[PDB]
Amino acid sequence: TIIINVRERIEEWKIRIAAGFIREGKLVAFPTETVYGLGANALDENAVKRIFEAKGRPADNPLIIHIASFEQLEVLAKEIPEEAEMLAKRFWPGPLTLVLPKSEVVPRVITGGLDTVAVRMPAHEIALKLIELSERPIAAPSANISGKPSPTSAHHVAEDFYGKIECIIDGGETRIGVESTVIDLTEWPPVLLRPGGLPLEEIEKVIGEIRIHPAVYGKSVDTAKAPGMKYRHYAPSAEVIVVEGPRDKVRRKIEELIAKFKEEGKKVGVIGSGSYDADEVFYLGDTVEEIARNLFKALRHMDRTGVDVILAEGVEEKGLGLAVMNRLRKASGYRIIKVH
């Protein structure tokens, strides 16, 4: 494992070392604006298998192909609707992933055996450079062991994968902190498959209201066209309890619960915006933008400690909050206490 630290002035020879790894069929973990990704060359069927092996990822849970040029979209997908071309122009580079029908060129291991492919153009210099210099499209899910919280720093990637993968590009902590929004363009209206770093209200204001996949609300699925729909995700070792409702009524139940669980002989962690004394505490922030940026960090911090149970302070679904609440709920296994 070579760990390459690149700072905002990108020493291109550094990226080239990782480029080489990609062309050679090896694994390279890289930052995006969203979360750290675990890359292989998307055109190399065998390289992509290593992604699945390394993570312990079920073969039918697809990967998202990352691109740096609009030209490459035409290469990876067939029958692209003009409305997908339009969203692409408008939101790329950025935290939006489009599901489209796939071309012959795309190996089925990438798509989890399907005719659809998921594509995105990341808003991160490093990731773009890595793809440009790599001269390959890069298949990548989140750079974490399957089931576990997503990585928002090279540290997180290293705690899961140092000595197991060829390369980690350290670009620091990711700016948004939650995964890209995934929308299915194989039907109209588009279907929200995974809420994410591009809020639903940005899409709807442009194209009107879209359909929400039941998966987003907890429906278990047999076939997934996108990541983050099938199997369990984002989850620390601990049990997680999400406490939803008005600020002060929530904070009071978290006090009740801290105590009730200590009385029970358990170490409690709390993640939220309020003050609390408990075995472990992580301050997520006051804005939802700050909370999304710290979510996974906080879940990893808790996961590196004794805590038997974590108590999370919910947020409203506005903006990034739909993504944050999607992640918290799935992590908890829909273990939800609605004060209200």
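Note that residue numbering begins at 1 and tracks the sequence as displayed.
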With reference to the PDB entry, specify whether the mean Cα temperature factor is higher for 119 to 127 or for 265 to 273. 265 to 273
Mean C-alpha temperature factor, higher of 191 to 199 and 97 to 105: 97 to 105
In this crystal structure's PDB entry, the residue among 207, 212, 226, 238 with the greatest CA B factor is 238
Residue set 138, 185, 258, 157, per-entry CA B-factor max assigned to 258
Just say lowest, middle or highest third for the CA B-factor of residue 69 relative to the other modelled residues in its chain. highest
Chain thirds of CA B-factor: placement of residue 80: middle
Compared with the other modelled residues in the chain, in which third is the CA B-factor of residue 179? lowest
In terms of the CA temperature factor given in the entry, to which third of its chain does residue 166 belong: lowest, middle or highest? middle
Using the B-factor values recorded in the entry, state whether the Cα atom of residue 250 falls in the lowest, middle or highest third among the modelled residues of its chain. highest
